[PDB]
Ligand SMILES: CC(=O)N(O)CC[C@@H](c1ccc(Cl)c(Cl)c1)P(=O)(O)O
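Here you get one chain, nothing else, as structure tokens; it is the form deposited without this ligand.
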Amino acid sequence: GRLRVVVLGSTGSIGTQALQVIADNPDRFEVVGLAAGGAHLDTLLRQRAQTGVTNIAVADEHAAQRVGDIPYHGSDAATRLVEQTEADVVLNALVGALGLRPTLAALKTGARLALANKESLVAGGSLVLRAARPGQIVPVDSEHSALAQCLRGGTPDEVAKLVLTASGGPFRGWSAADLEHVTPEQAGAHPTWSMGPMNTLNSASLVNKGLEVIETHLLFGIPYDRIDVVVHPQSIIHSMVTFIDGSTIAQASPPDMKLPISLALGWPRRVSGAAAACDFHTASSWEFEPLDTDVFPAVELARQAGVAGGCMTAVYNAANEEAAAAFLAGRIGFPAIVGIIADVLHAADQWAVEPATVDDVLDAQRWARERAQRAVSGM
């Protein structure tokens, strides 16, 4: 009954909330491993003491002089912890490229993979899928957790559409003329060394929803032309599934990541008390409006990248990362982010091949960065 859980990226927001859910539920879960990057060593050490878990990894080569009591340390240390720790669930909340090999290791162990790491699916694609058994991957992000829940409303052949909700970002309702000369700071993105301003920027450009559509297709096996996005400013409905009879099943809750976290850890069994439920003691309004696709082409661009297939979704994300960073540095304008992604994709015919190995993914990403860097330099 007690599930053995490895928490990768234990020091970030998702990691710390999962440990909190586990801490509140020692009857359901037992932490058996922790991993984090060398920059976060001090927090990891505090976590070792608090949990009593000695099976810990420093996920990279950093903090090299401060390692000497850490059982795994070095570039692929998180992957080694996963390969070597008996577990029922691996929560992968590592950020970026660090998350991919641990994902593949996790799947090869036969454990459930509670996946928070976006690169795993977006860059890894079928490399990751080929390693998974049906139902082995359970998503942690709000939208995908909602979808996994709503898909219980019928059989796979009864599914008509998957409908992701989107907040709309800071620029919901704005015209293309209005967005021509917006600044990073106006996007809510105040550039910092963390992923925060980049996540915020992705929300503003709708690239994040583009990424989520890609993940939706890979997770649930639904064609891109049946994955819709609806703007829903309140973010109470986290996503929905429309079935062949006209019925839509939606999942709703006040925003709290502990709900989808708990469900991913405990799948298929729900975790009593993870989050507060919707309260109807107060009058409220849930609004829905179409996405302005002419103004926010990032989502359709993701569909194009996804339809092309293979390493094309890795290209999409790597191109975004470069174009986005350039916008953060004041080197390009806002509309050029998605303009550059499209330019890079148009030049990327060699990268539609399905990845045979991790190196294929890494090669596609390196090529995409170079291409984006050239595109940036030319304006």
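In case it trips you up, residue 1 is the first one in the sequence shown, and so on. So that the term is clear: the rigid core is the largest set of C-alpha atoms that superpose within 1.5 Å between two forms.
Not on display, but discussed next: the form solved in complex with this ligand.
In the bound PDB entry, this ligand lies within 4.5 Å of some heavy atom of residue 118. In the bound PDB entry, this ligand sits within 4.5 Å of a heavy atom belonging to residue 195. Mapping the unseen interface onto this chain, residue 199 counts among the residues with a heavy atom inside 4.5 Å of this ligand in the bound PDB entry. In the bound PDB entry, at least one heavy atom of residue 166 sits within 4.5 Å of this ligand. Contact check at 4.5 Å (heavy atoms) against this ligand in the bound PDB entry: all three of 142, 235 and 255 pass. Screening 203, 242, 85, 251 for any heavy atom within 4.5 Å of this ligand in the bound PDB entry leaves a single hit, 203.
With the partner removed from view, the residue among 103, 208, 216, 262 that has a non-hydrogen atom within 4.5 Å of this ligand in the bound PDB entry turns out to be 208. None of 104-112, 302-310, 208-216, 280-288 except one has non-hydrogen atoms within 4.5 angstroms of this ligand in the bound PDB entry; the exception is 208-216. Just one of the listed positions, 287, 180, 225, 279, moves its Cα by at least 2 Å between the shown form and the other one when the rigid core is held fixed, and it is 180.
Annotation: Cα of residue 114 displaced by less than 2 Å between the shown form and the other one, core superposition. Taking 2 Å as the criterion, residue 26 does not count as shifted between the shown form and the other one: its C-alpha moves by less than this amount when the rigid core is aligned. Once both forms are overlaid on the rigid core, the distance between the two CA positions of residue 200 between the shown form and the other one is 2 angstroms or more. Note: the CA-CA distance for residue 60 and residue 311 expands in the bound PDB entry relative to this form, by 3 angstroms or more. Figure legend: C-alpha atoms of residue 64 and residue 12, shown here, are separated by at least 3 angstroms less in the bound PDB entry.
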